[PDB]
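Here's the structure we're looking at; comments come further down.
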2 protein chains.
Amino acid sequence: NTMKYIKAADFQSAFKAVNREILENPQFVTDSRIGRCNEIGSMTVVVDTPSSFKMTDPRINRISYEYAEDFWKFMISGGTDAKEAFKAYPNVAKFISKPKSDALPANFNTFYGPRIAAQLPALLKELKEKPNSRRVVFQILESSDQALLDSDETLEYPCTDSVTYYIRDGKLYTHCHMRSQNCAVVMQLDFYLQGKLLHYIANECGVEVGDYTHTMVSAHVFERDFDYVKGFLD
Amino acid sequence: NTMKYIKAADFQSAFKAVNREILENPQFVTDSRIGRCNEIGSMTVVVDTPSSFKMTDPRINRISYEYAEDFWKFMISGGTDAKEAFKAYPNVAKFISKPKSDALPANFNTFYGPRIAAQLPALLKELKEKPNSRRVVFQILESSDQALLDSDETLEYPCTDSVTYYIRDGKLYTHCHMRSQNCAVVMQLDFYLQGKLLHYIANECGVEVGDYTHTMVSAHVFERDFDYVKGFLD
Ligand SMILES: Cc1cc2nc3c(=O)[nH]c(=O)nc-3n(C[C@H](O)[C@H](O)[C@H](O)COP(=O)(O)O)c2cc1C
Ligand SMILES: Cc1cc2nc3c(=O)[nH]c(=O)nc-3n(C[C@H](O)[C@H](O)[C@H](O)COP(=O)(O)O)c2cc1C
Ligand SMILES: Nc1ccn([C@H]2C[C@H](O)[C@@H](COP(=O)(O)O)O2)c(=O)n1
Ligand SMILES: Nc1ccn([C@H]2C[C@H](O)[C@@H](COP(=O)(O)O)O2)c(=O)n1
């Protein structure tokens with residue numbers, strides 16, 4: 001039976017367990033916007049030790065850690081010069097190009113970094129100053145992104161919905177809610193970015209780290225990636 | 001050990017199981033913005049039969065179904081005349097009053113209805129026309145709501161983060177992500193509103209209903225409500 005709740009000691013064990021479950025016990029086998037995938041709806045993943053966001057198995061190699069670190073620096077710096085930041089990676093071109101349609105402005109982008117940057121002052125203030133706040137939610141996906149739905153744009157319609165942080169008894173807890181997760185490939189990047197970000201937040205707040213929860217409305221592995229996944233399982 | 005994943009046949013069984021777990025096996029006992037509560041972080045609740053959103057046990061009476069239905073009509077109609085809609089309920093006054101601070105405008109409100117109304121056309125179009133879309137997310141909590149964090153306003157800083165809908169094989173699946181859930185009281189209302197809304201969506205799309213998933217970054221019961229909860233358990 002499809003296991004939707006996965007608790008693991010570290011990011012890599014969670015990553016392997018999620019991918020194995022999607023391959024072996026999918027809830028749906030579905031033809032999606034970008035091809036056929038196995039899918040589990042509404043998976044919840046808990047990582048006990050969020051310092052482990054750099055996975056050690058070199059067979060999990062579709063997101064290199066050079067790329068992941070370049071992406072982290074691009075994101076946390078809150079800039080929009082993706083062409084410069086990812087000039088060494090030509091295959092990300094369709095995700096970093098200017099909008100084509102005149103409908104939405106040319107300043108429009110879906111980069112997470114500027115959105116995190118805009119919210120950091122108010123959210124850090126709440127996180128540091130309102131004891132036991134439940135209100136600290138970084139919004140990534142925005143309703144204004146819905147202008148992308150009926151367009152031919154290739155920009156990411158944000159896969160990450162929100163990241164909630166809360167502190168209890170000196171520890172920072174994190175809940176990343178994903179609208180849509182490519183578990184075999186991009187999740188390696190998402191885990192890296194979220195691991196870096198939560199440590200950034202914990203350090204700004206002077207607190208230690210609890211655990212990390214990752215919910216995914218669609219947790220999927222494309223059929224084209226099954227051989228890749230099998231290559232890192234066992 | 002604290003059970004964070006609860007699967008139940010109907011909303012009431014989920015409701016009772018969640019409340020029991022928070023009372024008996026909290027992750028945190030914490031003094032919050034609005035008083036001491038037992039709390040479980042990042043709970044996931046699955047309801048197999050989402051038609052069951054009106055609970056039958058009359059001891060679960062803090063949200064009357066007259067009030068819940070008035071709230072539903074107020075929400076789905078997308079209006080802002082809360083004073084008129086809830087005139088028969090004086091205790092909701094602090095949640096429906098105009099903003100006090102000149103910082104945010106007088107048109108500012110955090111009612112869910114207008115936000116659902118604004119997104120319905122684009123999201124229904126995606127849901128009906130893009131097969132197996134993963135993109136249909138109603139955003140409730142918005143980053144612009146963060147202006148409430150450092151204010152003395154009593155308006156709700158949205159407890160509901162987002163509601164994602166997706167269709168696979170003729171069935172509508174729903175994932176409601178809550179930032180913050182008062183599980184003993186308001187969750188009765190949230191379950192009613194989400195049950196009504198998902199049936200509204202399924203009917204607009206001409207599809208049947210799958211299941212309903214409810215994730216809560218903070219799932220809590222205030223100590224002041226423990227006697228009430230005990231009164232409906234068993
Ligand atoms: C700003 C930006 C947004 C991106 N968005 C997506 C995306 O939404 N979906 C996706 O699959 N890859 C996206 N990518 C590319 C991934 O980060 C990564 O390069 C890719 O998953 C590697 O795929 P491959 O090794 O199979 O070619 C994005 C890259 C950038 C720089
Ligand atoms: C527009 C609106 C927003 C509300 N927001 C909240 C809220 O954020 N938190 C809350 O506890 N009750 C809120 N309420 C009140 C609840 O819907 C409900 O009346 C209350 O939980 C009943 O509490 P009581 O029976 O313990 O008095 C709101 C009511 C309205 C009309
Ligand atoms: N941070 C991100 C951004 C996007 N995606 C993936 C999920 C989908 O495989 C695809 C987005 O497609 P869709 O919008 O149809 O969900 O990219 C991901 O895994 N992580
Ligand atoms: N639809 C809603 C709106 C709010 N709340 C609850 C959660 C908290 O008990 C409180 C909101 O307080 P806070 O903003 O501190 O989380 O109201 C809820 O349960 N459901």
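How things are named: the first chain in the structure tokens is A, the next is B, and so on; residues count from 1 in each chain; ligands count from 1 in the order shown.
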
For the contact check between segment 28-76 of chain B and segment 147-169 of chain A, emit one row per residue of segment 28-76 of chain B within 12 Å, containing the shortest atom pair and the distance in Å rounded to one decimal, counting only C-alpha atoms, chain then rising number order, as JSON lines.
```
{"residue": "B:28", "atom": "CA", "partner": "A:168", "partner_atom": "CA", "distance": 7.5}
{"residue": "B:29", "atom": "CA", "partner": "A:168", "partner_atom": "CA", "distance": 9.2}
{"residue": "B:30", "atom": "CA", "partner": "A:168", "partner_atom": "CA", "distance": 7.6}
{"residue": "B:31", "atom": "CA", "partner": "A:168", "partner_atom": "CA", "distance": 9.7}
{"residue": "B:32", "atom": "CA", "partner": "A:168", "partner_atom": "CA", "distance": 10.1}
{"residue": "B:39", "atom": "CA", "partner": "A:168", "partner_atom": "CA", "distance": 10.4}
{"residue": "B:40", "atom": "CA", "partner": "A:168", "partner_atom": "CA", "distance": 11.2}
{"residue": "B:41", "atom": "CA", "partner": "A:166", "partner_atom": "CA", "distance": 9.3}
{"residue": "B:42", "atom": "CA", "partner": "A:164", "partner_atom": "CA", "distance": 10.0}
```

Selection near segment 67-81 of chain B, 8 Å with only C-alpha atoms, sequence-local residues under 4 positions removed, as a list in words
residues 63, 85, 86, 111, 112, 113, 114, 115, 116, 117, 189, 192, 193, 196 and 197 of chain B

Output the neighbourhood of ligand 3 as a VMD selection string, that is, all protein and nucleic acid residues with some atom at most 9 Å from the ligand, counting only C-alpha atoms and all ligand atoms.
(chain A and resid 32 to 34 37 112 149 156 to 160 178 to 190 193 218 to 222) or (chain B and resid 132 to 135)

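If you measure from each of B:25, B:110, B:215, B:49 to residue 146 of chain B using only C-alpha atoms, the closest one turns out to be B:110.
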
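Atom pair atom CA of residue 143 of chain B / atom 4 (C, counted along the ligand's line) of ligand 2: separated by 18.5 Å.
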
Could you list, as a PyMOL selection string, every residue within 9 Å of segment 7-23 of chain B, counting only C-alpha atoms and ignoring same-chain residues fewer than 3 positions away?
chain B and resi 2-4+26-27+38-40+43-57+183-184+187-188+191-192+195+213+219-221+223+226+229-230+232-233

If you run DSSP on the backbone here, which positions in segment 18-97 of chain B get alpha helix (DSSP H)? Please write them as a list in words.
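DSSP on the backbone gives alpha helix (DSSP H) at residues 18, 19, 20, 21, 22, 23, 24, 65, 66, 67, 68, 69, 70, 71, 72, 73, 74, 75, 76, 82, 83, 84, 85, 93, 94, 95 and 96 of chain B.
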
Residue subset to file, keeping N, CA and C atoms, as a PDB file, in the first residue's frame:
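The result, written out as selection-v8.pdb:
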```
ATOM      1  N   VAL B  18      -7.609  13.860  15.868  1.00  0.00           N
ATOM      2  CA  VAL B  18      -6.640  14.951  15.963  1.00  0.00           C
ATOM      3  C   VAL B  18      -6.674  15.570  17.351  1.00  0.00           C
ATOM      4  N   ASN B  19      -7.872  15.921  17.819  1.00  0.00           N
ATOM      5  CA  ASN B  19      -8.001  16.559  19.122  1.00  0.00           C
ATOM      6  C   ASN B  19      -7.510  15.649  20.233  1.00  0.00           C
ATOM      7  N   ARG B  20      -7.828  14.355  20.152  1.00  0.00           N
ATOM      8  CA  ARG B  20      -7.358  13.426  21.169  1.00  0.00           C
ATOM      9  C   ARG B  20      -5.840  13.381  21.194  1.00  0.00           C
ATOM     10  N   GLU B  21      -5.216  13.339  20.019  1.00  0.00           N
ATOM     11  CA  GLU B  21      -3.762  13.225  19.958  1.00  0.00           C
ATOM     12  C   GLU B  21      -3.086  14.475  20.505  1.00  0.00           C
ATOM     13  N   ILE B  22      -3.626  15.655  20.194  1.00  0.00           N
ATOM     14  CA  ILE B  22      -3.054  16.891  20.724  1.00  0.00           C
ATOM     15  C   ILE B  22      -3.189  16.946  22.240  1.00  0.00           C
ATOM     16  N   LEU B  23      -4.334  16.519  22.773  1.00  0.00           N
ATOM     17  CA  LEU B  23      -4.511  16.524  24.220  1.00  0.00           C
ATOM     18  C   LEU B  23      -3.580  15.532  24.900  1.00  0.00           C
ATOM     19  N   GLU B  24      -3.455  14.328  24.343  1.00  0.00           N
ATOM     20  CA  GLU B  24      -2.779  13.234  25.029  1.00  0.00           C
ATOM     21  C   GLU B  24      -1.283  13.180  24.741  1.00  0.00           C
ATOM     22  N   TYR B  65     -23.943  24.734  13.021  1.00  0.00           N
ATOM     23  CA  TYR B  65     -24.009  24.634  11.573  1.00  0.00           C
ATOM     24  C   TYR B  65     -24.799  25.771  10.933  1.00  0.00           C
ATOM     25  N   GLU B  66     -25.649  26.459  11.698  1.00  0.00           N
ATOM     26  CA  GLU B  66     -26.223  27.711  11.215  1.00  0.00           C
ATOM     27  C   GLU B  66     -25.131  28.744  10.953  1.00  0.00           C
ATOM     28  N   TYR B  67     -24.208  28.904  11.904  1.00  0.00           N
ATOM     29  CA  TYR B  67     -23.091  29.826  11.715  1.00  0.00           C
ATOM     30  C   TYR B  67     -22.191  29.368  10.574  1.00  0.00           C
ATOM     31  N   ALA B  68     -21.865  28.073  10.540  1.00  0.00           N
ATOM     32  CA  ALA B  68     -20.992  27.561   9.489  1.00  0.00           C
ATOM     33  C   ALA B  68     -21.607  27.777   8.112  1.00  0.00           C
ATOM     34  N   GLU B  69     -22.921  27.575   7.988  1.00  0.00           N
ATOM     35  CA  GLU B  69     -23.565  27.789   6.698  1.00  0.00           C
ATOM     36  C   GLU B  69     -23.621  29.271   6.344  1.00  0.00           C
ATOM     37  N   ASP B  70     -23.892  30.136   7.327  1.00  0.00           N
ATOM     38  CA  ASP B  70     -23.807  31.571   7.070  1.00  0.00           C
ATOM     39  C   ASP B  70     -22.399  31.958   6.641  1.00  0.00           C
ATOM     40  N   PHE B  71     -21.386  31.372   7.279  1.00  0.00           N
ATOM     41  CA  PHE B  71     -20.013  31.665   6.892  1.00  0.00           C
ATOM     42  C   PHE B  71     -19.732  31.181   5.476  1.00  0.00           C
ATOM     43  N   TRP B  72     -20.190  29.972   5.141  1.00  0.00           N
ATOM     44  CA  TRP B  72     -19.999  29.465   3.789  1.00  0.00           C
ATOM     45  C   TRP B  72     -20.616  30.401   2.762  1.00  0.00           C
ATOM     46  N   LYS B  73     -21.870  30.804   2.986  1.00  0.00           N
ATOM     47  CA  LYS B  73     -22.516  31.698   2.033  1.00  0.00           C
ATOM     48  C   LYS B  73     -21.751  33.008   1.915  1.00  0.00           C
ATOM     49  N   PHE B  74     -21.274  33.535   3.046  1.00  0.00           N
ATOM     50  CA  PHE B  74     -20.470  34.749   3.013  1.00  0.00           C
ATOM     51  C   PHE B  74     -19.203  34.537   2.202  1.00  0.00           C
ATOM     52  N   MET B  75     -18.536  33.401   2.409  1.00  0.00           N
ATOM     53  CA  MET B  75     -17.268  33.151   1.737  1.00  0.00           C
ATOM     54  C   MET B  75     -17.462  32.926   0.241  1.00  0.00           C
ATOM     55  N   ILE B  76     -18.347  31.999  -0.137  1.00  0.00           N
ATOM     56  CA  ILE B  76     -18.459  31.674  -1.555  1.00  0.00           C
ATOM     57  C   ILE B  76     -19.014  32.852  -2.345  1.00  0.00           C
ATOM     58  N   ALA B  82     -19.282  41.795   6.019  1.00  0.00           N
ATOM     59  CA  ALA B  82     -19.294  40.854   7.131  1.00  0.00           C
ATOM     60  C   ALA B  82     -20.196  41.328   8.262  1.00  0.00           C
ATOM     61  N   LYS B  83     -20.297  42.643   8.467  1.00  0.00           N
ATOM     62  CA  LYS B  83     -21.183  43.153   9.507  1.00  0.00           C
ATOM     63  C   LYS B  83     -22.614  42.690   9.272  1.00  0.00           C
ATOM     64  N   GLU B  84     -23.066  42.728   8.018  1.00  0.00           N
ATOM     65  CA  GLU B  84     -24.409  42.259   7.703  1.00  0.00           C
ATOM     66  C   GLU B  84     -24.497  40.740   7.771  1.00  0.00           C
ATOM     67  N   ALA B  85     -23.487  40.041   7.246  1.00  0.00           N
ATOM     68  CA  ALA B  85     -23.559  38.586   7.170  1.00  0.00           C
ATOM     69  C   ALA B  85     -23.581  37.951   8.555  1.00  0.00           C
ATOM     70  N   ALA B  93     -16.996  40.150  16.266  1.00  0.00           N
ATOM     71  CA  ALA B  93     -16.848  41.563  15.922  1.00  0.00           C
ATOM     72  C   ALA B  93     -15.395  41.934  15.634  1.00  0.00           C
ATOM     73  N   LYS B  94     -14.460  41.436  16.445  1.00  0.00           N
ATOM     74  CA  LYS B  94     -13.065  41.842  16.300  1.00  0.00           C
ATOM     75  C   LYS B  94     -12.430  41.323  15.015  1.00  0.00           C
ATOM     76  N   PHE B  95     -13.030  40.322  14.376  1.00  0.00           N
ATOM     77  CA  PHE B  95     -12.492  39.767  13.142  1.00  0.00           C
ATOM     78  C   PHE B  95     -13.064  40.418  11.891  1.00  0.00           C
ATOM     79  N   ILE B  96     -14.085  41.263  12.026  1.00  0.00           N
ATOM     80  CA  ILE B  96     -14.796  41.814  10.883  1.00  0.00           C
ATOM     81  C   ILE B  96     -14.787  43.338  10.868  1.00  0.00           C
TER      82      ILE B  96
END
```

Considering only C-alpha atoms, state which residue in the set B:36, B:59, B:224, B:87 is at the smallest distance from chain A.
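For chain A, the nearest of the given residues is B:36.
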
By how many Å are atom CA of residue 128 of chain A and atom CA of residue 205 of chain A apart?
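Value for the atom CA of residue 128 of chain A-atom CA of residue 205 of chain A distance: 6.1 Å.
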
Please determine, counting only C-alpha atoms, which residue among B:98, B:199, B:62, B:130 has the shortest atom-to-atom distance to chain A.
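Of B:98, B:199, B:62, B:130, the one nearest chain A, counting only C-alpha atoms, is B:130.
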
When you look at residue 203 of chain A with a cut-off of 12 Å (counting only C-alpha atoms), what residues show up, excluding the ones that are within fewer than 3 positions of it in the same chain? I need them as a ChimeraX atom specification.
/A:124,128,170-172,196-200,206-209

Find, counting only C-alpha atoms, the residue in A:108, A:194, A:177, A:204 that gets nearest to chain B.
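With only C-alpha atoms as the atom set, the closest residue is A:177.
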
Among the residues B:6, B:136, B:92, B:104, the one that comes closest to ligand 4 [using only C-alpha atoms and all ligand atoms]
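Among the listed residues, the smallest separation from ligand 4 belongs to B:92.
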
Measure the distance from atom 5 (N, counted along the ligand's line) of ligand 1 to atom CA of residue 35 of chain A in Å and round it to one decimal.
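Straight-line distance from atom 5 (N, counted along the ligand's line) of ligand 1 to atom CA of residue 35 of chain A works out to 15.8 Å.
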
Using DSSP on the backbone, list every residue of segment 57-218 of chain A that comes out as strand (DSSP E or B), and give them as a PyMOL selection string.
chain A and resi 137-139+160-168+171-182+208-218

Can I get the selected residues back with N, CA, C and O atoms, as a short mmCIF file (atom, residue, chain, number, x, y, z; two decimals), in the first residue's frame?
```
data_model
loop_
_atom_site.label_atom_id
_atom_site.label_comp_id
_atom_site.auth_asym_id
_atom_site.auth_seq_id
_atom_site.Cartn_x
_atom_site.Cartn_y
_atom_site.Cartn_z
N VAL A 137 5.53 32.70 7.75
CA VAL A 137 5.38 31.92 6.53
C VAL A 137 5.95 32.71 5.37
O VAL A 137 5.42 33.77 5.02
N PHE A 138 7.01 32.18 4.76
CA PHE A 138 7.49 32.73 3.50
C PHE A 138 6.59 32.24 2.38
O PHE A 138 6.52 31.04 2.12
N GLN A 139 5.92 33.17 1.70
CA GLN A 139 5.09 32.84 0.56
C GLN A 139 5.97 32.82 -0.68
O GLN A 139 6.64 33.82 -0.98
N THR A 160 7.33 25.49 -5.24
CA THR A 160 7.32 25.65 -3.80
C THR A 160 6.19 26.59 -3.44
O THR A 160 6.12 27.72 -3.95
N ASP A 161 5.29 26.13 -2.58
CA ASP A 161 4.16 26.97 -2.20
C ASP A 161 4.56 27.93 -1.08
O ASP A 161 4.48 29.15 -1.24
N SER A 162 5.05 27.40 0.03
CA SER A 162 5.42 28.25 1.15
C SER A 162 6.40 27.52 2.04
O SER A 162 6.52 26.29 1.98
N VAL A 163 7.11 28.28 2.86
CA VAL A 163 8.01 27.72 3.86
C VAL A 163 7.66 28.38 5.18
O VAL A 163 7.72 29.61 5.30
N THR A 164 7.25 27.58 6.15
CA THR A 164 6.89 28.10 7.46
C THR A 164 7.99 27.78 8.44
O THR A 164 8.52 26.66 8.46
N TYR A 165 8.33 28.76 9.25
CA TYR A 165 9.33 28.59 10.30
C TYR A 165 8.66 28.89 11.63
O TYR A 165 7.85 29.81 11.73
N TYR A 166 9.02 28.12 12.65
CA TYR A 166 8.56 28.44 13.98
C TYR A 166 9.60 27.96 14.98
O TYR A 166 10.33 27.00 14.72
N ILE A 167 9.66 28.64 16.12
CA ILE A 167 10.63 28.35 17.16
C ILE A 167 9.89 27.92 18.42
O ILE A 167 8.98 28.63 18.87
N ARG A 168 10.28 26.78 18.98
CA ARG A 168 9.76 26.33 20.26
C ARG A 168 10.93 25.82 21.08
O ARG A 168 11.68 24.96 20.62
N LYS A 171 14.50 25.94 19.50
CA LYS A 171 14.78 25.23 18.26
C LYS A 171 13.89 25.73 17.13
O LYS A 171 12.70 26.00 17.33
N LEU A 172 14.48 25.84 15.95
CA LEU A 172 13.78 26.26 14.74
C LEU A 172 13.24 25.03 14.03
O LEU A 172 14.00 24.12 13.69
N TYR A 173 11.93 25.01 13.81
CA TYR A 173 11.26 23.98 13.04
C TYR A 173 10.84 24.56 11.70
O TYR A 173 10.49 25.74 11.61
N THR A 174 10.89 23.73 10.67
CA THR A 174 10.64 24.19 9.31
C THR A 174 9.63 23.28 8.64
O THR A 174 9.72 22.06 8.76
N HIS A 175 8.68 23.89 7.94
CA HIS A 175 7.71 23.14 7.14
C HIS A 175 7.68 23.74 5.75
O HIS A 175 7.14 24.84 5.55
N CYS A 176 8.23 23.02 4.79
CA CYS A 176 8.21 23.43 3.39
C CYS A 176 7.04 22.72 2.73
O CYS A 176 6.99 21.48 2.71
N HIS A 177 6.11 23.49 2.20
CA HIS A 177 4.96 22.94 1.49
C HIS A 177 5.18 23.13 -0.01
O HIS A 177 5.22 24.26 -0.50
N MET A 178 5.33 22.01 -0.71
CA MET A 178 5.52 22.00 -2.16
C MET A 178 4.19 21.77 -2.84
O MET A 178 3.48 20.80 -2.52
N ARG A 179 3.87 22.63 -3.80
CA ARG A 179 2.78 22.32 -4.71
C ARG A 179 3.13 21.10 -5.56
O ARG A 179 2.30 20.20 -5.75
N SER A 180 4.35 21.05 -6.06
CA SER A 180 4.70 20.08 -7.08
C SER A 180 6.18 19.77 -6.92
O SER A 180 7.01 20.69 -6.85
N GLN A 181 6.51 18.48 -6.84
CA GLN A 181 7.88 18.07 -6.57
C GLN A 181 8.28 16.97 -7.53
O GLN A 181 7.69 15.88 -7.52
N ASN A 182 9.29 17.25 -8.36
CA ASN A 182 9.99 16.22 -9.11
C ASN A 182 10.95 15.60 -8.10
O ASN A 182 11.98 16.19 -7.76
N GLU A 208 19.04 26.97 17.71
CA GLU A 208 19.40 25.68 17.15
C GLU A 208 18.27 25.18 16.25
O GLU A 208 17.25 25.83 16.10
N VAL A 209 18.48 24.02 15.63
CA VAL A 209 17.59 23.50 14.60
C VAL A 209 16.88 22.28 15.14
O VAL A 209 17.51 21.41 15.77
N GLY A 210 15.57 22.22 14.92
CA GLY A 210 14.80 21.04 15.22
C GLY A 210 14.77 20.12 14.02
O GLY A 210 15.81 19.64 13.57
N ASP A 211 13.59 19.88 13.45
CA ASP A 211 13.50 19.03 12.28
C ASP A 211 12.88 19.79 11.10
O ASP A 211 12.54 20.97 11.20
N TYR A 212 12.77 19.08 9.99
CA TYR A 212 12.33 19.66 8.73
C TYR A 212 11.23 18.77 8.17
O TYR A 212 11.40 17.56 8.07
N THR A 213 10.09 19.37 7.83
CA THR A 213 8.98 18.65 7.24
C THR A 213 8.75 19.19 5.84
O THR A 213 8.81 20.40 5.61
N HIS A 214 8.49 18.28 4.91
CA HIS A 214 8.39 18.58 3.49
C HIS A 214 7.11 17.92 3.01
O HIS A 214 7.06 16.69 2.92
N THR A 215 6.08 18.71 2.76
CA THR A 215 4.85 18.16 2.22
C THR A 215 4.79 18.48 0.74
O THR A 215 5.28 19.52 0.29
N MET A 216 4.19 17.57 -0.03
CA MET A 216 4.18 17.69 -1.48
C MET A 216 2.80 17.30 -1.97
O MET A 216 2.40 16.14 -1.82
N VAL A 217 2.07 18.25 -2.55
CA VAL A 217 0.74 17.89 -3.05
C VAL A 217 0.88 16.87 -4.18
O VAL A 217 0.15 15.88 -4.22
N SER A 218 1.80 17.12 -5.11
CA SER A 218 2.20 16.12 -6.09
C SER A 218 3.66 15.78 -5.85
O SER A 218 4.54 16.65 -5.99
#
```

Counting only C-alpha atoms, figure out which residue out of A:102, A:234, A:123, A:202 gets nearest to chain B.
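Among the listed residues, A:123 lies closest to chain B.
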